[PDB]
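All Cβ positions, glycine included, derive from the backbone under ideal geometry; neighbour counts span all protein chains shown. Each reported figure results from applying straightforward, stated rules to the coordinates on display, with no laboratory input.
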Amino acid sequence: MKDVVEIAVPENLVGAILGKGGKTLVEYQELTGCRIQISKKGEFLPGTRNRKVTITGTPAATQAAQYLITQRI
């Protein structure tokens, strides 16, 4: 089936995920086959400064993708 994984990543680190103007974030989607997305520039979690990245796909694909994304941070 399918699930969704949400990761909080501080604004000052977010660039490590996107890559060449999105290149990386795009590659990981291509490979893992997961739709990876991030909250609008100005949106952080309640009492923090962390944007929200959301990975959705197979439980297994979201596991891998998750890992790749996290590797960079």
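If you put +1 on each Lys and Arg Cβ and -1 on each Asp and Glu Cβ, how big is the dipole of the chain around its Cα centre, in Debye rounded to 20?
My answer is approximately 220 debye.
Across the stretch 23-39, computed HN-Hα scalar couplings (Karplus, 6.51 cos²θ - 1.76 cosθ + 1.60, θ = phi - 60°) run 2, 4, 3, 6, 4, 3, 5, 4, 5, 5, x, 10, 7, 9, 9, 9, 4 Hz from first to last residue, x flagging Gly and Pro.
Just subtract the alpha-carbon distance of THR70 and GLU43 from 0.36 nm times their residue separation and send over the number in nm, one decimal.
7.8 nm is the gain from fully extending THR70 to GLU43.
Taking amide H atoms as placed 1.01 Å from N in the peptide plane, the amide H of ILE38 lies under 5 Å from those of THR54, each 5 or more residues away in sequence or on another chain.
Note on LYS41: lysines with a C-alpha under 19 Å away, same-chain residues under 8 apart excluded, are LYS20, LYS23, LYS52. Per-residue Karplus couplings for the stretch 53-68, computed as 6.51 cos²θ - 1.76 cosθ + 1.60 with θ equal to phi - 60°, are listed in order as 9, 10, 10, 9, x, 4, x, 6, 5, 6, 5, 3, 2, 3, 3, 4 Hz, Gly and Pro entered as x.
If each residue's Cβ is checked for other Cβ atoms within 10 Å, how do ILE17, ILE55, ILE38, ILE73 rank with the fewest at the top?
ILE73, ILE38, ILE17, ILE55
Annotation note: GluC sites (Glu not before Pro) in the chain located in DSSP loop regions with a Cβ neighbour count of at most 12 within 10 Å are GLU43.
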